[PDB]
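Structure 1 and structure 2 below are the same protein chain in two forms, each given by itself as structure tokens.
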Structure 1
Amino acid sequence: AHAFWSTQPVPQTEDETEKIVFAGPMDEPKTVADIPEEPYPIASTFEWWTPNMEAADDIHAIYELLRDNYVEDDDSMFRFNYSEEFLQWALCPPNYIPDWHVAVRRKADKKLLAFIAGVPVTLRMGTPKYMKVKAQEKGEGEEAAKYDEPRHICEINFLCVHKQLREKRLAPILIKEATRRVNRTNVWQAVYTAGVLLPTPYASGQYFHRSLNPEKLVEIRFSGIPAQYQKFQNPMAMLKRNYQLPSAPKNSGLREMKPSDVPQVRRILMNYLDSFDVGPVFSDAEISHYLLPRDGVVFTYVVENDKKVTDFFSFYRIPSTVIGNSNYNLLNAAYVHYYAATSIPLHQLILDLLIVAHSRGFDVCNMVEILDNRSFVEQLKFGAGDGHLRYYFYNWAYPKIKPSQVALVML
């Protein structure tokens, strides 16, 4: 029973999605001229506001809203606390559209009540490999390949309704208004992810985490000894020994990424991502934006062997407010971003990610099982978390795929 999602151009059930064999649009074709010029109606007490996400004070306003009202874990222990610097980075990539950053404020006092954001991305989202094999068998190759060209679409993130205004049907209004503004830019698809199940994901993956500071983690999450360590005489010493890391990177030639690295990083990353059914395509400007180091935000290291970049990894920072535990304000988490390995095993490359993160004072490394992230889970002592990340498209029929066929990292 979905009063809003039943009206939208998405597959309505798992059963429906399991039937889809080719990529393509769901809705009637439309043009920009069909789409309302006026913002979607909202109660008189409210007003639409388009923040300027390159302006410090507007960034700070959105920052506070998310700090206090964004995504929590399921047990009221953590709330994401994306930083102001991070929001500017994530929301203002090359060729971003300011109008796609959508807020609602109370008109009387200008209190910020809600937000949703779209950003442009170029995405490969053609029929997946396994369904093209089927299509070929059935003599339907061209129909399966029709939508292979990378598509200039919208990624939606940062949907947030203030906690005081929950369960008032505000979220559907925010979605409708974002949709209208994106459609008015001649864009007709979106990709989005969520921790909740909605109609209807094309892929779903567990979260995995790797403790870097177990004494802090075990104290917050338990807030004493985890069950399987209860058998040791000295559980904390065992925990610390289990998660200990080198104090400096092992790969000779590791260094932070440089602007002159951009084109080589672009080539090795694109060659790698092209192996996945769903993944982004980045220009040099986008590689520069999403991967060059930005203090407190994104950290990227390359393996350089004789002036050649042969491998790289990146991670980004999202602290979470420790909303349950009294002893700590924040948990400093490093999330695995894009990477590519051509000279060393992936586990050896990502060991250095763990070492740098640890050395820079992060408490935990988190990721979803997209890309080849499962290839280093066991070797590097990641464990499954309680979350899942579900991947969705708006106005795009798409067959179920495995999370290891997804190459899009969402921030």
Structure 2
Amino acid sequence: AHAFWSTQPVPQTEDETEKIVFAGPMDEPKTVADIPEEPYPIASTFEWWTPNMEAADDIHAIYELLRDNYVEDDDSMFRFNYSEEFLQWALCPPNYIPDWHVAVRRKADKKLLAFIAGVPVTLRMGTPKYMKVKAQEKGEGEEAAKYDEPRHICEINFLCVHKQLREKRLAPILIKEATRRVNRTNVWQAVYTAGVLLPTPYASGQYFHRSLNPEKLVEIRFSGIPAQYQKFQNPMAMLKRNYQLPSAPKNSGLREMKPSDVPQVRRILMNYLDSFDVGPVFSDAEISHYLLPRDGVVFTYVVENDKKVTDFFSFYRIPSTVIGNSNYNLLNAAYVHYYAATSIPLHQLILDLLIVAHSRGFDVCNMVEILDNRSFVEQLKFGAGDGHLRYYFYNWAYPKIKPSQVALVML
């Protein structure tokens, strides 16, 4: 069924996943010295290339590969168009490993054919709360706690093979060579997501969308006018009124985050993320990197009460190419990132996110039902989208968990 995934250290079925009771590794313990020094063999007409993702011209070459060949919606109406600034941000967080960014190029002209990127993340990925309870009931607490400590692993994203090279088994070669380069740094697990089903997810969640510019969304067929609106004399007018938002934020003392906020945001975030079974641990440098505002890329606001940061939210921008509309070239989408509320209900905090995104010319706000994102779906008028984002580990057995126990946002 899966000539490649069947050879890999991942759970092979839902049945298998159903059995898993403790977190821990799948594969034989191995050492750096065991791993081949040399890149995985590849056809003599291709060559491996490590782009410098802080060099503009290399970022640009990756940017074009992804712009023309990366993930589309199911009807080939949209394709993600991550910006060059977004790729430098995503691919180069503090202590990133340049060798984990892996490309294939055609040796002749150096056309870029394929890419995959890994970045470091520190993740809590020990046995989940519901399984630790069962473990206590069986007198198996110590085995259940063995891998509780946050682990330094690889987060993989941006796997892409050129549309002309599809279904040539090139993706598995990219994945093998990435795994080699990560293992050569003594890292043995990875976390990744995909909108496709692969062997075998530890969590799965729906996507959600909140319309900000419904006339544009309907025009590009991101959204329809829903059938119930036909009872109205002017369905579109009622649709716009439905999604209208305040022109300015409602929380007094909302402002953009600044460098001086980094310690208080780290504290409130890290306290909040603790309540989830799987989640990242961020240093001050990482909070700085992932949350300080960056034009066109990431937008972060804090609620400041008595010179104190009590709440914050962030979102990032990924535009999508709209394929074949005469009025519009791009869908301007905001994605809910990390947040923490301590002084106000989460719906009141996120309503400000929608207000800001709307004021800044975003067409839609998107998220997956991780974190406590379900708590504000109804009141903030999010609707479920198509399909599901699935979360995976490489070389890590892990009991199935609800997406509301996941706190790792994936770009």
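Along the sequence of structure 1, residues get numbers from 1 upward. Only the largest set of C-alpha atoms that superpose within 1.5 Å between the two forms is called the rigid core.
In the core-aligned comparison between structures 1 and 2, the C-alpha of 326 is the only one from 76, 164, 326, 247 that shifts by 2 Å or more. The Cα position of residue 283 differs by less than 2 Å between structures 1 and 2 after fitting on the rigid core.
If you fit the rigid core between structures 1 and 2, you'll see the Cα of residue 224 move by 2 angstroms or more. The rigid core superposition between structures 1 and 2 gives a CA shift for residue 387 of 2.9 Å. Relative to the superposed core, residue 405 moves its CA by 0.2 Å between structures 1 and 2.
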